[PDB]
Amino acid sequence: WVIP
Amino acid sequence: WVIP
Amino acid sequence: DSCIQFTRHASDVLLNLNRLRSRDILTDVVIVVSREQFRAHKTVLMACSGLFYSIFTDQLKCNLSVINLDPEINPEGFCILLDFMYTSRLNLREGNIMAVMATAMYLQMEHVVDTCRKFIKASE
Amino acid sequence: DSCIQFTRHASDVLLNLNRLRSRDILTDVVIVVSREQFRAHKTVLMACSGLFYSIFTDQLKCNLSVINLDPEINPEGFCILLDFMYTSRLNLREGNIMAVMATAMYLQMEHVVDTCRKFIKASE
Ligand SMILES: N#Cc1c(Cl)ncnc1Nc1ccc2c(c1)CC(=O)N2
Ligand SMILES: N#Cc1c(Cl)ncnc1Nc1ccc2c(c1)CC(=O)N2
Ligand SMILES: [Cl-]
Ligand SMILES: [Cl-]
Ligand SMILES: [Cl-]
Ligand SMILES: [Cl-]
């Protein structure tokens, strides 16, 4: 999971 | 396009 | 093999599937979550959820145009997860995390359940 | 928004769509290319090809279960492109490049046409  |  | 790969292809396919959903193009099922209804593509639901994969591979249920979810399922939680299926983006907030996690467990979406557990553990 | 994103989601969706295709699950169209037939999902075809997007948004053609391609279309070229649609991987070889490029032009798959043009220019 990432900060887009 | 890339070499996978 | 000796194939070449187009990096953005999977993302572009998903963007177009979401555009088709938004325009109600070739949607083949309506998911009923208490008073709310959500139109979708069976193949996208199956590709994202262990529960839908199970339902639409069933010889009788594969032909249904309406699927009614358990009354305990929160419509907003379902909406957030349906958006995630079509975009890879999860709108996870303090006010919805419990509903999202419960819905992801029911839908059998392991990666979502995983990030919800981690976000909850960090707040305790 | 304040969303989080699962990097591998789009790739995982596409892998599952390919698995469904391989098992002939919820495929809703057969593409006929001279003596050969290819089963697929209309939504994936539309999401990858300007030609299929046009065909399946047509009020009459959207309901067809069989689509016959132009007799000049090479089945191997179509097969290579259908595999690309479901995997992001293009099996581009000296022996098939002309057929693949002609098929991609017909199907309106701009990124494929682009790499074929570049590979051809490098060999001249
Ligand atoms: N459609 C399809 C499909 C196929 Cl073909 N093969 C394997 N899994 C498929 N989908 C599916 C099954 C289980 C789970 C998910 C997706 C996400 C998750 O957390 N569990
Ligand atoms: N399905 C869908 C779709 C939608 Cl909804 N919006 C916009 N394009 C869509 N698909 C589509 C249209 C034109 C082309 C491609 C795909 C690849 C390419 O080279 N040209
Ligand atoms: Cl029904
Ligand atoms: Cl997931
Ligand atoms: Cl027909
Ligand atoms: Cl393309």
# chains A, B, ... in the order shown; residues from 1 in each chain; ligands from 1
$ residues_near_ligand --ligand "ligand 3" --cutoff "8 Å" --atoms "only C-alpha atoms and all ligand atoms" --output "ChimeraX atom specification"
/C:63-67
$ residues_near_ligand --ligand "ligand 6" --cutoff "6 Å" --atoms "only C-alpha atoms and all ligand atoms" --output "ChimeraX atom specification"
/D:109-112
$ write_last_selection --atoms "N, CA and C atoms" --output "mmCIF file, in the first residue's frame"
data_model
loop_
_atom_site.group_PDB
_atom_site.id
_atom_site.type_symbol
_atom_site.label_atom_id
_atom_site.label_comp_id
_atom_site.auth_asym_id
_atom_site.auth_seq_id
_atom_site.Cartn_x
_atom_site.Cartn_y
_atom_site.Cartn_z
ATOM 1 N N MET D 109 -5.262 -0.243 -31.408
ATOM 2 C CA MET D 109 -4.467 -0.442 -30.190
ATOM 3 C C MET D 109 -3.170 0.344 -30.415
ATOM 4 N N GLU D 110 -3.261 1.671 -30.200
ATOM 5 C CA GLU D 110 -2.209 2.657 -30.486
ATOM 6 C C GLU D 110 -0.828 2.351 -29.910
ATOM 7 N N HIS D 111 -0.747 1.912 -28.634
ATOM 8 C CA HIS D 111 0.554 1.626 -28.017
ATOM 9 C C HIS D 111 1.269 0.455 -28.696
ATOM 10 N N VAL D 112 0.504 -0.584 -29.121
ATOM 11 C CA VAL D 112 1.073 -1.714 -29.850
ATOM 12 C C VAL D 112 1.592 -1.243 -31.215
#
$ residues_around --residues "residue 26 in chain C" --least-positions-apart "2" --cutoff "8 Å" --atoms "only C-alpha atoms" --output "PyMOL selection string"
(chain C and resi 20-21+24+28+41) or (chain D and resi 43)
$ interface_residues --of "chain C" --to "chain D" --cutoff "7 Å" --atoms "only C-alpha atoms" --output "list in words"
residues 2, 3, 4, 5, 6, 9, 10, 11, 13, 14, 16, 17, 43, 47, 48, 88, 89, 90, 91 and 92 of chain C
$ residues_around --residues "residue 116 in chain C" --least-positions-apart "5" --cutoff "9 Å" --atoms "only C-alpha atoms" --output "count of residues only"
7
$ closest_residue --among "D:60, D:51, D:69, D:122" --to "residue 34 in chain D" --atoms "only C-alpha atoms"
D:69
$ select_by_dssp --residues "range 17-89 of chain D" --states "alpha helix (DSSP H)" --output "ChimeraX atom specification"
/D:17-22,42-48,50-57,75-87
$ atom_distance --atom1 "CA of residue 79 in chain D" --atom2 "CA of residue 105 in chain D"
14.7 Å
$ atom_distance --atom1 "CA of residue 73 in chain C" --atom2 "atom 5 (Cl, counted along the ligand's line) of ligand 1"
24.8 Å
